[PDB]
file target23.txt (compact mmCIF, N, CA, C and O atoms)
# COMPACT_ATOMS: atom_id res chain seq x y z
N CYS N 1 196.54 -11.36 86.18
CA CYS N 1 195.94 -12.67 85.80
C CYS N 1 196.83 -13.97 85.91
O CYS N 1 196.36 -15.04 85.52
N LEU N 2 198.07 -13.92 86.43
CA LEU N 2 198.95 -15.13 86.55
C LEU N 2 198.67 -16.01 87.82
O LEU N 2 197.89 -15.63 88.71
N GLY N 3 199.33 -17.18 87.93
CA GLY N 3 199.22 -18.06 89.15
C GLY N 3 200.54 -18.36 89.89
O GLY N 3 200.89 -19.52 90.11
N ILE N 4 201.26 -17.30 90.28
CA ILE N 4 202.53 -17.38 91.06
C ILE N 4 202.46 -16.37 92.27
O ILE N 4 202.74 -16.77 93.40
N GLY N 5 202.13 -15.08 92.04
CA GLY N 5 202.01 -14.07 93.12
C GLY N 5 200.89 -14.24 94.18
O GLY N 5 200.01 -15.10 94.06
N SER N 6 200.91 -13.39 95.21
CA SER N 6 199.93 -13.47 96.35
C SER N 6 199.01 -12.21 96.52
O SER N 6 198.85 -11.71 97.64
N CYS N 7 198.37 -11.71 95.44
CA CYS N 7 197.41 -10.57 95.51
C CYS N 7 196.46 -10.57 94.26
O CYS N 7 195.77 -11.56 94.03
N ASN N 8 196.39 -9.49 93.45
CA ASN N 8 195.50 -9.42 92.25
C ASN N 8 196.12 -8.56 91.11
O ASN N 8 196.75 -7.52 91.35
N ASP N 9 195.90 -9.02 89.87
CA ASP N 9 196.33 -8.33 88.62
C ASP N 9 195.25 -7.36 88.04
O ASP N 9 195.54 -6.16 87.94
N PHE N 10 194.07 -7.86 87.63
CA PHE N 10 193.03 -7.03 86.94
C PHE N 10 191.59 -7.41 87.42
O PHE N 10 190.86 -8.11 86.73
N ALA N 11 191.20 -6.92 88.61
CA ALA N 11 189.83 -7.11 89.21
C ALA N 11 189.11 -8.50 89.03
O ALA N 11 188.20 -8.65 88.21
N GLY N 12 189.54 -9.52 89.78
CA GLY N 12 189.02 -10.91 89.63
C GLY N 12 189.77 -11.92 88.71
O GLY N 12 189.55 -13.12 88.88
N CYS N 13 190.62 -11.47 87.77
CA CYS N 13 191.33 -12.39 86.81
C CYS N 13 192.32 -13.46 87.42
O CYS N 13 192.35 -14.60 86.96
N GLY N 14 193.11 -13.10 88.43
CA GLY N 14 194.06 -14.02 89.12
C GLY N 14 194.97 -13.26 90.11
O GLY N 14 194.48 -12.53 90.97
N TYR N 15 196.28 -13.47 90.00
CA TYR N 15 197.27 -12.93 90.97
C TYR N 15 198.32 -11.97 90.31
O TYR N 15 198.38 -11.80 89.09
N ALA N 16 199.18 -11.33 91.13
CA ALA N 16 200.26 -10.44 90.63
C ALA N 16 201.48 -10.36 91.60
O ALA N 16 201.33 -10.38 92.83
N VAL N 17 202.69 -10.19 91.04
CA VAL N 17 203.89 -9.79 91.83
C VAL N 17 203.87 -8.27 92.27
O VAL N 17 204.17 -7.97 93.43
N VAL N 18 203.46 -7.34 91.39
CA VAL N 18 203.19 -5.92 91.75
C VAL N 18 201.68 -5.80 92.13
O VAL N 18 200.79 -5.91 91.27
N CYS N 19 201.38 -5.56 93.41
CA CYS N 19 199.99 -5.41 93.91
C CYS N 19 199.43 -3.96 93.74
O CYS N 19 200.02 -3.00 94.26
N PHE N 20 198.30 -3.78 93.04
CA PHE N 20 197.68 -2.44 92.82
C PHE N 20 196.97 -1.85 94.10
O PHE N 20 195.83 -2.15 94.43
N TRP N 21 197.67 -0.97 94.83
CA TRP N 21 197.17 -0.36 96.10
C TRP N 21 196.12 0.77 95.89
O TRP N 21 196.22 1.92 96.32

call {"tool": "encode", "arguments": {"input": "target23.txt", "output": "structure tokens"}}
result
Amino acid sequence: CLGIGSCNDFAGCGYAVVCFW
């Protein structure tokens, strides 16, 4: 759910540094 990384945290919430593959 943060606004710094380039992928997704929790299904639609925002972005992540560790991307869930």

call {"tool": "atom_distance", "arguments": {"input": "target23.txt", "atom1": "atom CA of residue N:3", "atom2": "atom CA of residue N:16"}}
result
7.8 Å

call {"tool": "atom_distance", "arguments": {"input": "target23.txt", "atom1": "atom C of residue N:4", "atom2": "atom O of residue N:21"}}
result
19.7 Å

call {"tool": "axis_aligned_box", "arguments": {"input": "target23.txt", "around": "stretch 3-20 of chain N", "padding_each_side": "8 Å", "output": "AutoDock Vina command-line options"}}
result
--center_x 196.2 --center_y -10.7 --center_z 92.2 --size_x 32.0 --size_y 33.7 --size_z 26.9

call {"tool": "residues_around", "arguments": {"input": "target23.txt", "residues": "residue N:20", "least_positions_apart": "2", "cutoff": "7 Å", "atoms": "all atoms listed in the file", "output": "CSV table (one decimal) with N, CA, C and O atoms, in the frame of the given file"}}
result
chain,number,residue,atom,x,y,z
N,8,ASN,N,196.4,-9.5,93.4
N,8,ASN,CA,195.5,-9.4,92.2
N,8,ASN,C,196.1,-8.6,91.1
N,8,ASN,O,196.8,-7.5,91.4
N,9,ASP,N,195.9,-9.0,89.9
N,9,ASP,CA,196.3,-8.3,88.6
N,9,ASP,C,195.2,-7.4,88.0
N,9,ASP,O,195.5,-6.2,87.9
N,18,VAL,N,203.5,-7.3,91.4
N,18,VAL,CA,203.2,-5.9,91.8
N,18,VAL,C,201.7,-5.8,92.1
N,18,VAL,O,200.8,-5.9,91.3
